[PDB]
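File shown: protein-v3.txt. Contents: compact mmCIF, C-alpha atoms.
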```txt
# COMPACT_ATOMS: atom_id res chain seq x y z
CA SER A 1 10.50 153.38 -105.99
CA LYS A 2 12.90 150.80 -107.48
CA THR A 3 11.77 148.10 -105.03
CA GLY A 4 12.83 144.56 -105.99
CA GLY A 5 14.82 141.39 -105.25
CA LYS A 6 18.63 141.58 -104.92
CA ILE A 7 21.46 139.00 -105.00
CA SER A 8 25.21 139.57 -104.38
CA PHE A 9 28.00 137.29 -105.73
CA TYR A 10 31.58 137.29 -104.30
CA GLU A 11 34.68 135.96 -106.10
CA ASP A 12 36.20 134.59 -102.83
CA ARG A 13 34.73 132.66 -99.87
CA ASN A 14 33.35 134.44 -96.79
CA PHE A 15 32.12 137.39 -98.90
CA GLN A 16 35.72 138.46 -99.69
CA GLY A 17 37.21 139.53 -103.05
CA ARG A 18 35.36 141.47 -105.77
CA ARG A 19 31.57 141.69 -105.18
CA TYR A 20 28.67 142.32 -107.62
CA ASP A 21 25.01 143.18 -106.84
CA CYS A 22 22.20 142.34 -109.33
CA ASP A 23 18.54 143.48 -109.21
CA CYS A 24 17.21 141.77 -112.39
CA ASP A 25 17.82 138.74 -114.68
CA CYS A 26 21.29 138.63 -116.34
CA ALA A 27 21.92 136.42 -119.42
CA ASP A 28 25.74 136.82 -119.28
CA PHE A 29 27.62 137.82 -116.10
CA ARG A 30 31.03 136.79 -117.50
CA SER A 31 32.05 140.44 -118.19
CA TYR A 32 31.49 141.52 -114.54
CA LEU A 33 32.65 138.35 -112.73
CA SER A 34 35.03 135.61 -113.91
CA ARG A 35 33.85 133.22 -111.15
CA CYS A 36 31.63 133.15 -108.01
CA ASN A 37 32.43 130.97 -104.93
CA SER A 38 29.92 132.51 -102.47
CA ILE A 39 26.56 134.32 -102.80
CA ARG A 40 24.20 136.41 -100.63
CA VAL A 41 20.46 136.65 -101.48
CA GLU A 42 18.93 139.75 -99.85
CA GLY A 43 15.41 139.34 -101.23
CA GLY A 44 13.40 137.32 -103.77
CA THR A 45 14.19 133.82 -105.13
CA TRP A 46 16.57 133.32 -108.11
CA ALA A 47 17.63 130.54 -110.49
CA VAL A 48 21.36 130.37 -111.40
CA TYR A 49 22.87 128.53 -114.41
CA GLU A 50 26.42 127.17 -114.82
CA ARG A 51 26.81 128.58 -118.38
CA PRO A 52 25.44 131.75 -120.13
CA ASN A 53 22.01 131.82 -121.80
CA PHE A 54 20.40 129.97 -118.88
CA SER A 55 22.08 126.70 -119.94
CA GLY A 56 24.00 123.96 -118.05
CA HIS A 57 23.20 122.95 -114.44
CA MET A 58 20.36 125.03 -112.89
CA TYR A 59 19.87 125.66 -109.12
CA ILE A 60 17.11 127.57 -107.24
CA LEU A 61 18.27 129.87 -104.37
CA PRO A 62 15.70 131.25 -101.81
CA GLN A 63 16.47 134.41 -99.76
CA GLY A 64 19.42 133.81 -97.39
CA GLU A 65 23.24 133.95 -97.04
CA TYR A 66 25.62 131.34 -98.52
CA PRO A 67 29.24 131.99 -97.30
CA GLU A 68 30.55 129.25 -99.66
CA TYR A 69 29.49 127.51 -102.88
CA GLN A 70 28.96 124.14 -101.14
CA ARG A 71 26.31 125.92 -99.05
CA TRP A 72 24.37 126.31 -102.32
CA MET A 73 25.21 122.73 -103.37
CA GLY A 74 27.10 124.26 -106.32
CA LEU A 75 28.98 121.68 -108.41
CA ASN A 76 31.76 124.27 -108.98
CA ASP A 77 32.11 128.10 -108.86
CA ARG A 78 31.00 128.63 -112.51
CA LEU A 79 27.89 130.83 -113.05
CA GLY A 80 27.17 132.55 -116.41
CA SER A 81 23.53 133.72 -116.03
CA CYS A 82 20.79 134.21 -113.40
CA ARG A 83 17.00 134.87 -113.50
CA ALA A 84 14.54 135.93 -110.77
CA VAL A 85 11.86 133.30 -110.00
CA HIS A 86 8.38 134.82 -109.48
CA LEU A 87 6.16 133.05 -106.90
CA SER A 88 2.36 132.96 -107.46
CA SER A 89 -0.01 132.69 -104.44
CA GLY A 90 -3.86 132.64 -104.63
CA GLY A 91 -5.30 129.65 -102.71
CA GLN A 92 -4.73 125.86 -103.12
CA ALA A 93 -2.22 124.50 -105.66
CA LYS A 94 -3.47 121.28 -107.36
CA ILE A 95 -1.65 119.07 -109.93
CA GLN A 96 -2.88 116.27 -112.26
CA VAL A 97 -0.44 113.69 -113.77
CA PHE A 98 -1.03 111.11 -116.56
CA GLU A 99 0.69 107.74 -117.08
CA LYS A 100 0.90 108.23 -120.90
CA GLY A 101 1.71 111.23 -123.13
CA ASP A 102 -0.97 113.70 -124.32
CA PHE A 103 -2.94 113.27 -121.08
CA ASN A 104 -3.81 109.59 -121.73
CA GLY A 105 -3.55 106.45 -119.55
CA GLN A 106 -4.37 106.43 -115.81
CA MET A 107 -4.57 109.89 -114.18
CA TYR A 108 -3.73 110.78 -110.55
CA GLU A 109 -4.46 114.13 -108.81
CA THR A 110 -2.67 115.40 -105.67
CA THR A 111 -2.26 118.67 -103.72
CA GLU A 112 0.95 117.64 -101.83
CA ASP A 113 4.67 117.35 -102.69
CA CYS A 114 5.86 113.88 -103.86
CA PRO A 115 9.28 112.55 -102.59
CA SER A 116 9.08 109.31 -104.64
CA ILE A 117 6.65 109.03 -107.56
CA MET A 118 7.15 105.26 -107.95
CA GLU A 119 6.39 104.59 -104.27
CA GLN A 120 3.27 106.79 -104.36
CA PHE A 121 1.85 105.99 -107.84
CA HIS A 122 3.86 102.88 -108.83
CA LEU A 123 5.05 104.74 -111.98
CA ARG A 124 8.64 104.52 -113.30
CA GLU A 125 8.39 107.52 -115.70
CA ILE A 126 6.10 110.51 -116.44
CA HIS A 127 5.29 111.59 -120.05
CA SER A 128 2.55 114.23 -119.55
CA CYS A 129 1.03 116.26 -116.70
CA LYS A 130 -1.21 119.36 -116.23
CA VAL A 131 -0.13 121.81 -113.51
CA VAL A 132 -1.96 125.16 -113.14
CA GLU A 133 -0.38 127.31 -110.45
CA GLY A 134 2.66 129.23 -111.69
CA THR A 135 6.11 127.74 -110.88
CA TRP A 136 6.62 124.02 -110.06
CA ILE A 137 9.95 122.07 -109.78
CA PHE A 138 10.55 118.50 -111.04
CA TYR A 139 13.65 116.44 -110.07
CA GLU A 140 15.19 113.51 -112.00
CA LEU A 141 16.14 111.44 -108.89
CA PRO A 142 14.06 110.74 -105.71
CA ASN A 143 14.24 112.97 -102.62
CA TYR A 144 14.50 116.08 -104.83
CA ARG A 145 18.01 115.21 -106.16
CA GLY A 146 19.67 115.20 -109.62
CA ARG A 147 18.92 117.66 -112.44
CA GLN A 148 15.83 119.84 -111.84
CA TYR A 149 13.36 121.31 -114.40
CA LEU A 150 11.27 124.48 -113.79
CA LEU A 151 7.67 124.28 -115.11
CA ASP A 152 5.61 127.46 -115.70
CA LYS A 153 1.85 127.72 -116.49
CA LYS A 154 1.47 126.65 -120.17
CA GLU A 155 0.16 123.50 -121.93
CA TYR A 156 2.86 120.78 -122.14
CA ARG A 157 1.90 117.97 -124.57
CA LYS A 158 5.35 116.26 -124.82
CA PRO A 159 8.11 115.70 -122.18
CA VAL A 160 10.57 117.72 -124.30
CA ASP A 161 8.14 120.62 -123.81
CA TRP A 162 9.60 120.86 -120.26
CA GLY A 163 13.16 121.23 -121.62
CA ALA A 164 13.97 117.60 -120.71
CA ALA A 165 15.70 115.23 -123.15
CA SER A 166 14.04 112.17 -121.52
CA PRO A 167 10.59 111.51 -119.89
CA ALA A 168 12.38 110.51 -116.65
CA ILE A 169 11.06 112.37 -113.60
CA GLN A 170 11.04 110.86 -110.04
CA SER A 171 9.88 113.70 -107.70
CA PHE A 172 8.32 117.21 -107.65
CA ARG A 173 7.67 120.05 -105.16
CA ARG A 174 5.70 123.32 -105.08
CA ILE A 175 7.61 126.61 -104.57
CA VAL A 176 6.22 128.90 -101.82
CA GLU A 177 7.50 132.15 -100.26
```
Encoded form using structure tokens:
Amino acid sequence: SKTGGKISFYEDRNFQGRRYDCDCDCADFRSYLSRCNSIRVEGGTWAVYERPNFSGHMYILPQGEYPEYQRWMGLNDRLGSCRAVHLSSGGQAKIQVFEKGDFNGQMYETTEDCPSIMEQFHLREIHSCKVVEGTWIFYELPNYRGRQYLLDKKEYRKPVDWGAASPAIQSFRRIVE
């Protein structure tokens, strides 16, 4: 019947205080919760944003229990919207990256995660890349740290096409169940 992913947010730590359960994406949770300092993910993987309309800091949460915001690496207890991340399987995920924009310059192809792009490819920035899988994550600082950007399965010709204000990207990882 109504089978699906589910996430629960609690206003206080240790799952105490008012609680709210969500089974689908929510663009504005401010009317049901004024703050969230702990979260429980019962099933599925979700993306949470600090401000409504999927804006502000974004964090990916896999299934699991987080008795406190620091357990989710939250910067604070502010969350205005959340969306369910769909994972795509199929076979072998492969990615191609180009040194210049519009798929120009030297190209490198790899099927593994990259902790440091400069150490692996000797590149300080990335301006274009072709990924065909489904959902991929890019991070602004090495070791998967800093602001993260979620890529889908479309054709990105400019860095701004990934929602980034600068072509700076230092690491990336594939999402898997």
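If only C-alpha atoms are the atoms counted, then among A:8, A:135, A:104, A:31 the closest residue to residue A:175 is A:135.
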Do a neighbour search on stretch 119-128 of chain A at 12 Å with all atoms listed in the file, toss out local chain neighbours closer than 2 positions, and write the hits as a compact mmCIF listing (two decimals) with C-alpha atoms, in the frame of the given file.
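Written output follows (result-v9.txt):
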```txt
# COMPACT_ATOMS: atom_id res chain seq x y z
CA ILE A 95 -1.65 119.07 -109.93
CA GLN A 96 -2.88 116.27 -112.26
CA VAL A 97 -0.44 113.69 -113.77
CA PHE A 98 -1.03 111.11 -116.56
CA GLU A 99 0.69 107.74 -117.08
CA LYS A 100 0.90 108.23 -120.90
CA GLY A 101 1.71 111.23 -123.13
CA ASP A 102 -0.97 113.70 -124.32
CA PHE A 103 -2.94 113.27 -121.08
CA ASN A 104 -3.81 109.59 -121.73
CA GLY A 105 -3.55 106.45 -119.55
CA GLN A 106 -4.37 106.43 -115.81
CA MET A 107 -4.57 109.89 -114.18
CA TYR A 108 -3.73 110.78 -110.55
CA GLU A 109 -4.46 114.13 -108.81
CA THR A 110 -2.67 115.40 -105.67
CA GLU A 112 0.95 117.64 -101.83
CA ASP A 113 4.67 117.35 -102.69
CA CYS A 114 5.86 113.88 -103.86
CA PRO A 115 9.28 112.55 -102.59
CA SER A 116 9.08 109.31 -104.64
CA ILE A 117 6.65 109.03 -107.56
CA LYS A 130 -1.21 119.36 -116.23
CA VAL A 131 -0.13 121.81 -113.51
CA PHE A 138 10.55 118.50 -111.04
CA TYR A 139 13.65 116.44 -110.07
CA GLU A 140 15.19 113.51 -112.00
CA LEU A 141 16.14 111.44 -108.89
CA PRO A 142 14.06 110.74 -105.71
CA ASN A 143 14.24 112.97 -102.62
CA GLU A 155 0.16 123.50 -121.93
CA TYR A 156 2.86 120.78 -122.14
CA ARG A 157 1.90 117.97 -124.57
CA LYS A 158 5.35 116.26 -124.82
CA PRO A 159 8.11 115.70 -122.18
CA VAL A 160 10.57 117.72 -124.30
CA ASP A 161 8.14 120.62 -123.81
CA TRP A 162 9.60 120.86 -120.26
CA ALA A 164 13.97 117.60 -120.71
CA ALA A 165 15.70 115.23 -123.15
CA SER A 166 14.04 112.17 -121.52
CA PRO A 167 10.59 111.51 -119.89
CA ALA A 168 12.38 110.51 -116.65
CA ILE A 169 11.06 112.37 -113.60
CA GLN A 170 11.04 110.86 -110.04
CA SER A 171 9.88 113.70 -107.70
CA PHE A 172 8.32 117.21 -107.65
```
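Closest approach to residue A:129 from the set A:68, A:3, A:147, A:154 is made by A:154, with distances taken over only C-alpha atoms.
Atom pair atom CA of residue A:61 / atom CA of residue A:47 has a distance of 6.2 Å (rounded to one decimal).
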One-decimal distance in Å that lies between atom CA of residue A:58 and atom CA of residue A:5: 18.9 Å
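We find atom CA of residue A:71 and atom CA of residue A:85 to be spaced 19.6 Å apart.
Each of A:7, A:28, A:17, A:54 was checked against residue A:41 using only C-alpha atoms; the smallest atom-to-atom distance is that of A:7.
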Among listed residues A:67, A:49, A:56, A:176, nearest residue A:90 (using all atoms listed in the file): A:176
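Considering only C-alpha atoms, the residue among A:173, A:35, A:40, A:83 positioned nearest to residue A:111 is A:173.
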Residues within 10 Å of (29.6, 129.6, -119.3), file coords, all atoms listed in the file, listed as a PyMOL selection string: chain A and resi 28-30+34-35+49-56+78-81
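With distances taken over only C-alpha atoms, A:45 is the one residue among A:45, A:92, A:70, A:38 lying closest to residue A:4.
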Please report, as AutoDock Vina command-line options, the centre and edge lengths in Å to one decimal of an axis-aligned box covering all listed atoms of stretch 115-121 of chain A with 3 Å per side.
```
--center_x 5.6 --center_y 108.6 --center_z -105.3 --size_x 13.4 --size_y 14.0 --size_z 11.4
```
